[PDB]
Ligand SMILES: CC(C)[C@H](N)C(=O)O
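Take a look at this one chain, the form deposited without this ligand, written out in structure tokens.
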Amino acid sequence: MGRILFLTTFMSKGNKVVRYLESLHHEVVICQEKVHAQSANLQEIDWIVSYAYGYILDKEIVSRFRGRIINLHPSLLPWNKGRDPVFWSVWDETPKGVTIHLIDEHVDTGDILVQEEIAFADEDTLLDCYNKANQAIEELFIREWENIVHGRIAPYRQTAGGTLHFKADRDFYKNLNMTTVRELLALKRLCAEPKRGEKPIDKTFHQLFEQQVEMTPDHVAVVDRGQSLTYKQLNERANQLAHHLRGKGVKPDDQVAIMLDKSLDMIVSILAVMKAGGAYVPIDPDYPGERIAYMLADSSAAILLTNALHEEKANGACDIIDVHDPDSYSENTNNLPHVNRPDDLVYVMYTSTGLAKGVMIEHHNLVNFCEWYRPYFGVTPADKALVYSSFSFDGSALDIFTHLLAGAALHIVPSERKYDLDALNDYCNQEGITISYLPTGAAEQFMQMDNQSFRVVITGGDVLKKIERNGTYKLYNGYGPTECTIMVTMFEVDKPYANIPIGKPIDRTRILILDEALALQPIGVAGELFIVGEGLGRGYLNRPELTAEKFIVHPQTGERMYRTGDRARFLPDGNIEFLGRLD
């Protein structure tokens, strides 16, 4: 009756479509390559029927066969034009269906001939959906072919709108072919881009702190032994030192070294550097003199805040400001004119397998963590927290910065009870300490101590393993590198686990579990843990090449991501599970 040209690249040679047409006594020429006008495949052809044909017909051919080029596209056009339609129908959660339509001079925009809705089960695999879709459209073609031949169908233009996808848009999702609709949509909710509406963080830390001072000015801010400062007292003293700092030339993104033991002078010095404009570089004086000399060298710090006691450990490296010389403090107690942006440096902390690298953290990094910490743990001015961790580690940033913006009171931990945790337990029961973060090592020990003051304890760092504790406080396990600011995930330990999970992401952060090719892994599959979002800092100071290696631009998405080097996987309940290092 007529010679039909069947164009396809993915479909086999014996589809129900081809065999049905042959049963109607049509010679079906099958071709799986791009063709031109001269092609012997176009000689004495009556109808062209395309079905998953991965090439574009020349405009010369579309005109000669106008009204005689039929296409089988397993989507509900205009939804999911282009490649991998069924997959994007599930992922983008569009209306699902199959369409037989005419061919325009563009991609799958020609007028429709016939169309019908299809349904995918929540348990079908995307391969199952691919097969159910192709079967449905093939049966439809067989049903409606006679109406198409005799030209009795009235073609209607496609609804406005839709979506379009190209061949490479699925590269990032290449490992998801055998996942279930359920499993796939869950992966979307966990790893999909942020929804519209969000705005950039617009506050620095000392902005939010100066705010908290005006709301609880007479509340206790920090306590060391018998002495204490209020928020107003702390703020005014920090201002007095900040004025002197900015006078000696401190400016945004400038580094200012602080070498002090835990004390009131430390909190004053930290806030003073911030309020002055710069970022503080903490140096624990108990470090070997070699690391100290190196930290001052790598850091561009021209100024060092320190005692007369530790003054000499610097060997005249920088202009020293004695925190005990009344000349280092101005008369002015007012808050300084703001000159900082959320993307300015707030602090620089080092980590060391090789040399120590200066991790740069910006205000917006710190602000995000604190603003998540307050409501997550329900912190209120009624609370009291320990300043336990060394102020050269990011754990101190948790102790100091989070609780200061909640209006709580900080309690300095001196040397005598840093390691003696039974004596520390007594201090907590006396002063009524309510919340604090202890590294995994020290947290496991405190479980043996009989405690009644704590309401929350947070741990992280090494692998948590012990859980049984005497007190009646909630235990929280968290995880995160100093490169992405303190922590990025948090778990409330409720029951014992052989492998305690590290929890779900905090505000404005996502965690992606990728393969070696940086492609998504289905939920439950192990892979390298990548961090994305507000937590990511600026990178390593004076290590641009190393920064590029660890702070990557993703090949497909193009989002900035941090390569942790850690092995993990998502559990069915959304909590992340640590699975050791990669090497």
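Throughout, we count residues from 1 along the sequence that is shown.
What follows is about the form solved in complex with this ligand, which we do not show.
Here the chain stands alone, but in the deposited complex its contact with this ligand, taken as any heavy atom within 4.5 Å, falls in 482-490 among 482-490, 187-195, 333-341, 143-151. Judged against this ligand in the deposited complex with a 4.5 angstroms heavy atom cut-off, the residues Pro522, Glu528 and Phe570 are out of contact without exception. Among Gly460, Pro282, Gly277, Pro85, the residue placing a heavy atom within 4.5 Å of this ligand in the deposited complex is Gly460.
Though this ligand is absent from this view, in the deposited complex it lies within 4.5 Å of a heavy atom of just one residue from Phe401, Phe454, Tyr231, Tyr437, which is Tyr437. By the criterion of a heavy atom within 4.5 Å, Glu362 is excluded from the residues contacting this ligand in the deposited complex.
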